[PDB]
Amino acid sequence: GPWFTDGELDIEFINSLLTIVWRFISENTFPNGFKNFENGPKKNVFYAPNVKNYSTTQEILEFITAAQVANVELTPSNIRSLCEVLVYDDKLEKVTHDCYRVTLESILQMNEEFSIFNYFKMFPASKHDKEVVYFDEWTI
Amino acid sequence: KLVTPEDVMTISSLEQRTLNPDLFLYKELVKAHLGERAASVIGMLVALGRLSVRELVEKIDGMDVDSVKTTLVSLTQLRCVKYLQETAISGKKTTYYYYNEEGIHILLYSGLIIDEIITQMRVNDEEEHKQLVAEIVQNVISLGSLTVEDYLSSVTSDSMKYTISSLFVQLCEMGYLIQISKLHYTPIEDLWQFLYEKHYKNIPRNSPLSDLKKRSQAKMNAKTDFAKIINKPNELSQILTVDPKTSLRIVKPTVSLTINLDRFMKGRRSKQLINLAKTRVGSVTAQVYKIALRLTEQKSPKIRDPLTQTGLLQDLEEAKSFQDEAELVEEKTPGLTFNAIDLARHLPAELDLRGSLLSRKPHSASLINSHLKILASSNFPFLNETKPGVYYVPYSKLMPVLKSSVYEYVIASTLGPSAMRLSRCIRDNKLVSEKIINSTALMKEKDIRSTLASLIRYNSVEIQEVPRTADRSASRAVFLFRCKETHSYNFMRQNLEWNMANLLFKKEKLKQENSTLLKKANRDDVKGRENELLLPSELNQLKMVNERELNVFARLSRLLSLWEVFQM
Amino acid sequence: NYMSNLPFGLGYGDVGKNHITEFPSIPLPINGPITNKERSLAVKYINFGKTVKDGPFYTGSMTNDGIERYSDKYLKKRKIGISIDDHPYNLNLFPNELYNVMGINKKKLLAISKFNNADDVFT
């Protein structure tokens with residue numbers, strides 16, 4: 001595809017393209033993209049199950065064509081591959097072939113009882129703390 | 001600068017890295033709660049398997065028969081040692097003592113158990129039942145098993161005795177306290193072997209059935225008898241007695257009650273599923289799922305099927321039979337299916353459900369149905385539909401998803417999100433090459449190589465070498481990558497056990513180092529007056545020691561929330 | 001020579017040191033600050049450990065001079081502690097060989113601890 005620049009991938013273009021695709025799908029699936037999540041925990045709404053909140057591949061291709069960010073033609077295989085890259089990151093999920101929907105965890109990641117999934121909210125331990133648990137330990 | 005091997009052996013955990021996590025954890029817990037004698041006995045039983053009293057005497061230096069018998073009594077009362085009495089052909093009878101993870105996990109989960117008991121029965125309204133529930137559960141866990149009459153013999157107030165009896169009945173009704181018996185002290189494998197041999201002998205000799213037919217019939221009879229024996233604790237046979245005065249249900253006086261670990265692990269699994277659902281479907285829908293799981297929790301399937309510990313999985317047909325039986329019991333149990341009308345009565349006053357849904361781009365049944373349909377239509381199988389409007393939790397299909405999600409997010413938190421991406425990429429298409437990874441997962445090749453090299457060290461990615469020469473040289477062969485779930489899950493379970501054990505070891509070392517100051521501070525006259533009766537330096541040392549101990553226990557709780565998923 | 005061949009990614013400058021640290025550098029997110037619920041859970045842990053430490057089932061580690069003084073009177077006894085044979089055992093749960101050390105015919109007292117309501121840990 002067009003990702004190869006001088007024989008290697010251009011990670012900045014990858015990040016920008018993935019971010020704009022994820023934002024488009026986030027605007028599709030939620031009632032208002034990144035609007036209800038402001039003042040989120042008290043007042044946030046979601047779509048009814050009968051609502052087709054999923055965004056198909058054709059809509060994403062049309063949006064990225066009209067956005068003029070890619071600057072080249074995009075085969076549906078290419079947008080499908082980068083959306084597979086997104087679903088590998090757990091940013092979104094696939095419910096039907098050529099259909100995707102943004103997961104709520106990716107929305108919460110941009111900004112109580114302990115959970116492993118909200119690990120970004122946790123703060124690192126202060127220095128000179130002896131009783132700190134390391135994942136690399138027992139293997140080093 | 002350079003660090004000497006003296007400094008490495010002193011300030012690091014190199015000496016503890018060579019210990020098995022099971023033995024290290026069990027010995028540390030027993031040495032922390034009980035003494036060093038019980039720690040030696042438990043460690044020797046873990047290292048050598050089942051042992052007799054004579055073997056324990058001859059294997060441990062510094063202990064005689066009476067000391068070993070006394071510490072075995074102490075361990076057996078707290079249910080840390082299982083036993084089996086067997087008779088040889090010559091007629092000699094010998095008792096062989098095992099170790100059971102149930103009692104050690106009870107010691108490990110004790111404060112979590114007390115908190116779950118306090119929170120679960122909705123005594124959050126006021127204070128006196130908070131005191132009584134906490135004290136009775138703490139006494140039950142500390143003494144292993146106690147009778148209600150012996151507990152009430154220490155109370156002189158009639159109203160207090162009545163409230164304690166009512167609270168004991170309330171605990172017994174909802175499955176948290178059960179009747180202790182010899183079933184909780186005999187091994188599962190030995191019980192199944194006894195049942196299978198008994199049902200094998202009862203088959204008449206010179207039968208028309210072949211050997212395999214006899215084995216199958218014996219297995220069926222052993223399975224139904226084993227199911228009856230296992231479920232016999234949960235039939236509420238200790239509560240049927242009514243008091244001499246009418247209109248009061250009481251627990252039997254002479255029965256011995258014990259804490260039920262399976263119900264507590266069911267509650268922990270429910271909490272894990274609620275936490276998983278909080279990251280996929282909203283917060284109000286998370287509350288609805290929470291209420292649904294709390295309602296269908298006592299009758300939910302057990303965390304581990306005991307028949308899986310009987311060595312019966314060597315037959316593939318037995319594995320399929322166990323899977324089908326699990327799928328059947330998670331669905332056709334009468335108390336597991338639920339409707340919106342059933343959940344309508346259990347919703348709290350604060351929960352609203354009014355404006356939580358938009359249909360187009362007061363605890364009513366339709367809103368609950370919409371929330372449960374959102375739960376059922378999610379990518380994760382939180383709920384499934386048997387018939388339309390009836391919902392049940394798919395415990396057979398939801399728990400590998402929970403394990404995979406927890407494992408992937410732990411890797412994301414430790415090794416980075418790129419590690420999550422690479423692991424899920426290798427998982428989605430099962431066997432891949434480096435170029436296929438680079439094409440499918442869009443990131444730099446050197447980053448791919450470094451990330452998979454890091455992931456290989458933790459059993460996350462296994463290298464499959466395909467040789468292209470007569471000798472399997474690494475230069476000419478091609479290396480593909482696959483992701484085996486079981487190896488990685490077992491490795492991380494062992495790692496979390498080692499981390500928990502090392503944390504407990506550090507806490508015990510700190511307490512042993514500051515023992516004099518902690519003994520001075522914990523005295524009856526000193527306590528409550530630490531500022532007046534202690535020097536400022538000793539006060540600051542006590543400050544640091546107690547803060548470090550609280551941090552140790554908090555990290556232990558957080559590890560336990562992260563480790564029980566792989567014990568499911 | 002054994003030194004000539006190098007991988008493409010590496011160079012001569014960055015190899016030949018072999019400094020593998022003995023100290024880990026990848027922490028879990030569980031090392032955050034403690035909360036109120038976690039503080040109550042921790043003091044529950046401490047209370048349970050203490051109440052098992054001084055209970056009848058401890059079995060601990062494996063100046064009482066023989067000289068007699070008049071100061072022996074007016075000096076109180078330390079503690080009449082509960083022993084292993086002063087507990088109401090359920091004899092159906094124990095093997096027959098352990099009956100000798102439990103005192104099957106002795107006085108029976110149930111050591112019931114009292115729950116500490118307040119988080120008495122000095123911060």
# chains A, B, ... in the order shown; residues from 1 in each chain; ligands from 1

$ interface_residues --of "chain C" --to "chain B" --cutoff "7 Å" --atoms "only C-alpha atoms" --output "PyMOL selection string"
chain C and resi 26-31+34+38-39+41-42+44-45+48-49+52-53+57-62+93+98+101+110+112-115+117+121-123

$ write_last_selection --atoms "C-alpha atoms" --output "short mmCIF file (atom, residue, chain, number, x, y, z; two decimals), in the first residue's frame"
data_model
loop_
_atom_site.label_atom_id
_atom_site.label_comp_id
_atom_site.auth_asym_id
_atom_site.auth_seq_id
_atom_site.Cartn_x
_atom_site.Cartn_y
_atom_site.Cartn_z
CA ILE C 26 9.03 -3.15 34.97
CA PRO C 27 6.53 -2.34 37.74
CA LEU C 28 2.90 -3.40 37.96
CA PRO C 29 0.30 -0.62 38.36
CA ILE C 30 -0.65 -2.01 41.80
CA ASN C 31 1.91 0.23 43.53
CA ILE C 34 -3.69 3.43 49.34
CA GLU C 38 -7.99 -0.54 51.01
CA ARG C 39 -6.99 0.92 54.39
CA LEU C 41 -9.10 -4.03 54.27
CA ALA C 42 -5.47 -3.74 55.41
CA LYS C 44 -8.73 -6.18 58.76
CA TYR C 45 -5.69 -8.17 57.60
CA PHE C 48 -6.83 -11.17 61.75
CA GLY C 49 -3.09 -11.80 61.83
CA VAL C 52 -4.46 -15.73 65.07
CA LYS C 53 -1.03 -14.88 66.50
CA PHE C 57 -3.42 -22.54 67.70
CA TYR C 58 -0.04 -20.84 67.27
CA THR C 59 2.74 -23.48 67.65
CA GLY C 60 5.56 -20.94 67.62
CA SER C 61 9.32 -21.06 67.18
CA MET C 62 11.08 -24.36 67.84
CA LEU C 93 -12.90 -34.32 62.14
CA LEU C 98 -4.15 -37.23 67.48
CA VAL C 101 -2.39 -34.63 72.58
CA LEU C 110 -13.67 -21.34 73.65
CA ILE C 112 -13.50 -15.83 71.39
CA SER C 113 -11.80 -12.60 70.38
CA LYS C 114 -13.54 -9.23 70.23
CA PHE C 115 -13.53 -7.31 66.96
CA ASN C 117 -14.07 -1.56 65.39
CA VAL C 121 -3.25 1.39 63.31
CA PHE C 122 -1.46 4.63 64.16
CA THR C 123 -1.79 6.06 60.61
#

$ interface_residues --of "chain A" --to "chain C" --cutoff "8 Å" --atoms "only C-alpha atoms" --output "MDAnalysis selection string"
chainID A and resid 116 119 122:125 132:137 140

$ interface_residues --of "chain A" --to "chain B" --cutoff "6 Å" --atoms "only C-alpha atoms" --output "short mmCIF file (atom, residue, chain, number, x, y, z; two decimals) with N, CA and C atoms, in the first residue's frame"
data_model
loop_
_atom_site.label_atom_id
_atom_site.label_comp_id
_atom_site.auth_asym_id
_atom_site.auth_seq_id
_atom_site.Cartn_x
_atom_site.Cartn_y
_atom_site.Cartn_z
N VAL A 45 -24.89 8.99 27.90
CA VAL A 45 -25.95 8.19 27.29
C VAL A 45 -25.35 7.34 26.18
N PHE A 46 -26.04 6.25 25.87
CA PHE A 46 -25.63 5.32 24.82
C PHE A 46 -26.83 4.99 23.94
N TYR A 47 -26.56 4.41 22.78
CA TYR A 47 -27.61 4.07 21.84
C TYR A 47 -28.37 2.83 22.28
N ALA A 48 -29.63 2.75 21.83
CA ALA A 48 -30.44 1.57 22.05
C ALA A 48 -29.89 0.41 21.21
N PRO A 49 -30.14 -0.84 21.63
CA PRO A 49 -29.59 -1.99 20.89
C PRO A 49 -30.06 -2.09 19.45
N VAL A 85 -5.53 -3.13 12.41
CA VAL A 85 -4.51 -2.62 13.33
C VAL A 85 -5.17 -1.96 14.54
N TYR A 88 -6.57 -4.57 16.81
CA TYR A 88 -5.50 -5.23 17.55
C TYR A 88 -5.12 -4.43 18.79
N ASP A 89 -5.28 -3.11 18.73
CA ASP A 89 -4.97 -2.24 19.86
C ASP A 89 -6.08 -2.20 20.90
N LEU A 104 -15.60 1.17 24.61
CA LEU A 104 -15.68 2.23 25.61
C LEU A 104 -14.35 2.42 26.33
N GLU A 105 -13.52 1.38 26.39
CA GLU A 105 -12.24 1.47 27.08
C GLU A 105 -11.30 2.46 26.39
N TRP A 138 11.47 -12.35 39.36
CA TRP A 138 11.40 -13.82 39.27
C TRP A 138 11.91 -14.31 37.92
#

$ atom_distance --atom1 "atom CA of residue A:110" --atom2 "atom CA of residue A:29"
16.7 Å

$ residues_around --residues "residue C:86" --least-positions-apart "6" --cutoff "10 Å" --atoms "only C-alpha atoms" --output "PyMOL selection string"
chain C and resi 56+102-111

$ decode --residues "stretch 112-139 of chain A" --atoms "N, CA, C and O atoms" --output "compact mmCIF listing (two decimals), in the first residue's frame"
# COMPACT_ATOMS: atom_id res chain seq x y z
N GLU A 112 -13.74 4.72 44.28
CA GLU A 112 -13.14 3.96 43.19
C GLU A 112 -12.43 2.71 43.70
O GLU A 112 -11.85 2.72 44.79
N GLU A 113 -12.50 1.64 42.92
CA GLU A 113 -11.91 0.36 43.29
C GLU A 113 -10.96 -0.07 42.18
O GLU A 113 -11.18 0.21 41.00
N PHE A 114 -9.88 -0.75 42.58
CA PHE A 114 -8.80 -1.06 41.65
C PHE A 114 -9.25 -2.07 40.59
O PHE A 114 -9.89 -3.08 40.90
N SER A 115 -8.87 -1.79 39.35
CA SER A 115 -9.07 -2.71 38.24
C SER A 115 -7.84 -2.66 37.35
O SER A 115 -7.12 -1.66 37.34
N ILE A 116 -7.58 -3.76 36.63
CA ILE A 116 -6.42 -3.79 35.76
C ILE A 116 -6.66 -2.97 34.50
O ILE A 116 -5.72 -2.45 33.89
N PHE A 117 -7.93 -2.82 34.10
CA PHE A 117 -8.23 -2.19 32.82
C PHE A 117 -8.02 -0.68 32.87
O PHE A 117 -7.57 -0.08 31.89
N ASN A 118 -8.31 -0.06 34.01
CA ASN A 118 -8.04 1.37 34.19
C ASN A 118 -6.66 1.62 34.81
O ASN A 118 -6.49 2.38 35.76
N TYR A 119 -5.64 1.00 34.21
CA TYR A 119 -4.28 1.09 34.72
C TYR A 119 -3.66 2.45 34.48
O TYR A 119 -2.72 2.84 35.17
N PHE A 120 -4.16 3.19 33.48
CA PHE A 120 -3.60 4.51 33.18
C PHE A 120 -3.88 5.51 34.30
O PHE A 120 -3.13 6.47 34.48
N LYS A 121 -4.96 5.30 35.06
CA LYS A 121 -5.27 6.18 36.17
C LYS A 121 -4.33 5.97 37.36
O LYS A 121 -4.19 6.87 38.19
N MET A 122 -3.71 4.80 37.45
CA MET A 122 -2.84 4.50 38.59
C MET A 122 -1.54 5.28 38.49
O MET A 122 -0.99 5.48 37.40
N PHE A 123 -1.03 5.72 39.65
CA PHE A 123 0.19 6.50 39.74
C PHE A 123 1.37 5.61 40.13
O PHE A 123 1.21 4.66 40.90
N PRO A 124 2.56 5.90 39.61
CA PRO A 124 3.74 5.10 39.98
C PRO A 124 4.13 5.32 41.43
O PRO A 124 3.86 6.36 42.02
N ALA A 125 4.78 4.31 41.99
CA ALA A 125 5.22 4.38 43.38
C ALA A 125 6.38 5.36 43.53
O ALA A 125 7.17 5.57 42.62
N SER A 126 6.45 5.97 44.71
CA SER A 126 7.54 6.88 45.02
C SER A 126 8.85 6.12 45.15
O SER A 126 8.88 4.92 45.42
N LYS A 127 9.95 6.84 44.95
CA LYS A 127 11.27 6.23 45.07
C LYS A 127 11.58 5.91 46.53
O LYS A 127 10.91 6.37 47.45
N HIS A 128 12.61 5.08 46.71
CA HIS A 128 13.01 4.56 48.02
C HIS A 128 11.87 3.80 48.69
O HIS A 128 11.68 3.87 49.91
N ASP A 129 11.11 3.07 47.89
CA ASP A 129 10.06 2.18 48.38
C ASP A 129 10.50 0.74 48.15
O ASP A 129 10.62 0.30 47.00
N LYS A 130 10.76 0.02 49.24
CA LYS A 130 11.31 -1.32 49.13
C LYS A 130 10.25 -2.32 48.67
O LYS A 130 10.54 -3.22 47.88
N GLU A 131 9.02 -2.17 49.16
CA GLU A 131 7.97 -3.17 48.95
C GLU A 131 7.13 -2.81 47.71
O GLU A 131 5.91 -2.63 47.74
N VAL A 132 7.82 -2.77 46.58
CA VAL A 132 7.21 -2.46 45.29
C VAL A 132 7.29 -3.70 44.41
O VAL A 132 8.31 -4.40 44.40
N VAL A 133 6.19 -4.01 43.73
CA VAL A 133 6.05 -5.27 43.01
C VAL A 133 6.43 -5.07 41.55
O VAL A 133 5.89 -4.18 40.87
N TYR A 134 7.34 -5.90 41.06
CA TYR A 134 7.85 -5.81 39.69
C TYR A 134 7.41 -7.03 38.90
O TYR A 134 7.47 -8.16 39.40
N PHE A 135 6.97 -6.80 37.66
CA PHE A 135 6.63 -7.91 36.78
C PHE A 135 7.88 -8.59 36.23
O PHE A 135 7.85 -9.79 35.93
N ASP A 136 8.99 -7.86 36.11
CA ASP A 136 10.21 -8.43 35.56
C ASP A 136 10.90 -9.34 36.58
O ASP A 136 11.72 -10.18 36.21
N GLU A 137 10.57 -9.17 37.86
CA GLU A 137 11.18 -9.99 38.90
C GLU A 137 10.70 -11.43 38.77
O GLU A 137 9.67 -11.71 38.15
N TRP A 138 11.47 -12.35 39.36
CA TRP A 138 11.40 -13.82 39.27
C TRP A 138 11.91 -14.31 37.92
O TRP A 138 12.08 -15.53 37.74
N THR A 139 12.21 -13.42 36.98
CA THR A 139 12.79 -13.80 35.70
C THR A 139 14.13 -13.13 35.46
O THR A 139 14.76 -13.38 34.43
